[PDB]
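In this chain, residues are counted from 1 in sequence order.
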Amino acid sequence: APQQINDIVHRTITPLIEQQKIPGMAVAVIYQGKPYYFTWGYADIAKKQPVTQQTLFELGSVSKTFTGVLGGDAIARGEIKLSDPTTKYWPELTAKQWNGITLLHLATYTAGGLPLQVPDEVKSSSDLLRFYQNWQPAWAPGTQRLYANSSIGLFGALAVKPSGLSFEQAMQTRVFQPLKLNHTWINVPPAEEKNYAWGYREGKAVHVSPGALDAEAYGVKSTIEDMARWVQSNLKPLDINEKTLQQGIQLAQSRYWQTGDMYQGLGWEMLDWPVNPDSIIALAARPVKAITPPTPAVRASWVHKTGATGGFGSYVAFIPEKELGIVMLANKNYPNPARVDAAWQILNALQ
Ligand SMILES: *[B]([O])([O])[C][N]S(=O)(=O)[C]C1=[C][C]=C(C([O])=O)[C]=[C]1
């Protein structure tokens, strides 16, 4: 690593780990389009297994970037349109509240107040149908944003329906494989368990538990190397050989809605670059303004996503205009503001 990167990263992350009591962490900085890796601490405290560049972390909601891109790829393929009604892909969804709710609304949390969490009791396909049928919107579609697993999760399941493929199969074949993300999993195979970090919550080792729409909303596990490659792909979509995937990436970074200083993409969220971290709560309802039509991906943006599971905390942010990015993977769920502060400190220094 160039000394500048080594220094800013270590001097920022070391105190972070100490203040937040993070067991293990991996960080990748993409600087002029080249990745640099850093690791600290334990993937498994009990077995004294260190974090390495091959350690798997639960990405939590950073998984939504993959879902948003897979969706974009499906649009590019002509398999779905975001202007399509949800019922086009789920005709059993007959309750009248669903009239006027489009795939766009699902993808961007603007359907009218879909719940943050799918209830635990919701297991089967029939359970899900009943859940969405019984749901009562607080608001008309496209008037407020409420971040929600049950929103983008449904979008993910529906977007792959035309493909004929299972969600995991579509993600594997259309996103992971093309991008050479060969150590990124919705389901961690036994051959890779040796690398799967434990999450820590209240000092107990924990992995994410199965749930409806988990794959779609929060279920991806990945290494720091793969996430660095994910950032590279999103920084420069044009280098991507597969046409629809290149387009899907671009679509995921389009600006569909504005709330305050932030713009909603598919999975990704964006703010105009430059900006201070200050500009960058269980339930937070905000009115949205439609961007009509959506603005194509803006190079001078801070594009980011935070993610958490019970035992993991992740963050990704990049700035296309400066070919610069960062991935922070930790096996403790620590406060978002601390993640954003650290990322900003590192990227600001290098930009
Ligand atoms: B995202 O990281 O913003 C989604 N947040 S969340 O609360 O759904 C994360 C999550 C998912 C599963 C579990 C579990 O199985 O205990 C915990 C937290």
Side-chain angles (χ1 to χ4, degrees), residues 30 59 61-84 86 88-89 102-110 151-179 181-182 184-186 213 215-220 222 226-235 237-238 240 242 244-246 248-257 263-270 291 293-298 301 303-305 307 316-318 320 325 327:
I30 292 79
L59 296 188
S61 288
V62 168
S63 302
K64 297 175 169 67
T65 64
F66 289 99
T67 299
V69 166
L70 183 68
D73 173 81
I75 299 169
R77 291 170 182 273
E79 290 181 343
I80 67 161
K81 288 181 303 181
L82 281 175
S83 47
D84 283 339
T86 296
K88 178 170 172 169
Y89 300 102
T102 65
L103 293 190
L104 169 69
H105 295 131
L106 298 180
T108 57
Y109 316 124
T110 51
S151 191
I152 189 164
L154 184 52
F155 168 79
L158 300 182
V160 298
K161 274 182 180 173
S163 81
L165 306 171
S166 80
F167 181 81
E168 175 182 30
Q169 265 294 348
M171 183 70 78
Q172 285 173 323
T173 59
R174 303 188 172 183
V175 177
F176 294 166
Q177 288 168 198
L179 297 183
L181 305 190
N182 293 314
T184 300
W185 314 100
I186 282 164
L213 301 175
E216 300 86 345
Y218 54 84
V220 176
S222 194
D226 277 17
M227 289 307 298
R229 188 157 190 96
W230 182 230
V231 167
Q232 303 183 297
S233 312
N234 280 270
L235 273 161
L238 305 175
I240 288 162
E242 17 295 288
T244 60
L245 180 53
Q246 176 190 132
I249 294 175
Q250 284 175 297
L251 293 173
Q253 275 172 69
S254 293
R255 301 174 170 192
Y256 294 97
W257 303 99
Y263 297 94
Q264 184 68 58
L266 309 177
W268 293 117
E269 295 161 24
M270 297 78 57
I291 304 169
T295 312
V298 178
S301 300
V303 188
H304 69 151
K305 186 66 184 84
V316 172
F318 57 94
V327 186

Go through the steps to decide whether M227 and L59 satisfy the test side-chain contact (heavy atoms from CB on, under 4.5 Å), and finish with yes or no.
CA-CA 9 Å; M227 289 307 298; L59 296 188; 3.6 Å; yes
Euclidean distance, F167 CZ relative to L70 CG, rounded to 0.5 Å
5.5 Å
Nearest-0.5 Å distance that lies between atom CG in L235 and atom CG in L238
11.5 Å
Are any of the side-chain heavy atoms of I240 and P178 separated by less than 4.5 Å?
no
Do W257 and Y109 have ring centres separated by under 6.0 Å?
no
Is the shortest side-chain heavy-atom distance between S163 and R77 below 4.5 Å?
no
Separation between CG of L266 and CD1 of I75, rounded to the nearest 0.5 Å
6.0 Å
Would you say the side chain of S61 lies within less than 4.5 Å of the side chain of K305, judging by non-hydrogen atoms?
yes
Rounded to the nearest 0.5 Å, what separation is found between the CD atom of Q264 and the CZ atom of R255?
12.0 Å
Does the side chain of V160 come within less than 4.5 Å of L165's, by heavy atoms?
no
Within the distance-only criterion (no hydrogens, no angle test), does the side chain of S151 pair as donor or acceptor with the backbone N or O of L106 below 3.5 angstrom?
yes
N/O donor-acceptor pair under 3.5 Å between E79 side chain and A74 backbone:
no
Are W268 and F318, when compared by the centres of their aromatic rings, separated by less than 6.0 Å?
yes
4.5 Å side-chain heavy-atom contact, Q253 and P320:
yes
At their closest point, which heavy atom of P294 faces which heavy atom of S254, and how far apart are they?
CB-CB, 4.3 Å
Show your reasoning for whether side-chain contact (heavy atoms from CB on, under 4.5 Å) applies to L158 and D84.
CA-CA 11 Å; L158 300 182; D84 283 339; over 6 Å; no
Side-chain heavy-atom pair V303, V298 within 4.5 angstrom cut-off:
no
Can a donor-acceptor pair be found, under 3.5 Å and without considering hydrogens, that links the side chain of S166 to the backbone of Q169?
yes
Go through it in stages, so that I can follow the logic: the residues are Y263 and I291, the test is side-chain contact (heavy atoms from CB on, under 4.5 Å), and I'd like the CA-CA distance, side-chain angles, deciding distance and then a yes or no.
CA-CA 9 Å; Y263 297 94; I291 304 169; 3.5 Å; yes
Working to the nearest 0.5 angstrom, can you tell me the gap between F155 CZ and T67 OG1?
8.5 Å
At what distance, to the nearest 0.5 angstrom, does CD1 of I30 lie from CZ of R229?
11.5 Å
How close do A107 and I152 get, heavy atom to heavy atom, and via which atoms?
O-CD1, 3.9 Å
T184 and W230: CA distance, side-chain angles, deciding distance, side-chain hydrogen bond (donor to acceptor under 3.5 Å, both in side chains) verdict
CA-CA 10 Å; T184 300; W230 182 230; over 6 Å; no
Pairwise side-chain contact, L103 with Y89, heavy-atom cut-off 4.5 Å (strictly under):
yes
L179 and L245, any side-chain heavy atoms less than 4.5 Å apart
yes
Does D73 reach the main-chain N or O of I249 with its side chain, forming a donor-acceptor pair under 3.5 Å?
no
Let me see the working for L82 and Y256 under side-chain contact (heavy atoms from CB on, under 4.5 Å), right down to the final yes or no.
CA-CA 11 Å; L82 281 175; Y256 294 97; 3.9 Å; yes
Nearest heavy atoms of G248 and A76, plus distance in Å
N-CB, 4.4 Å
List for me each residue that meets side chain to side chain donor-acceptor pair (under 3.5 Å) alongside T102, sequence neighbours excluded, and say none if there are none.
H105
Under 3.5 Å, side chain of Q172 to main-chain N/O of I186, donor-acceptor pair present?
no
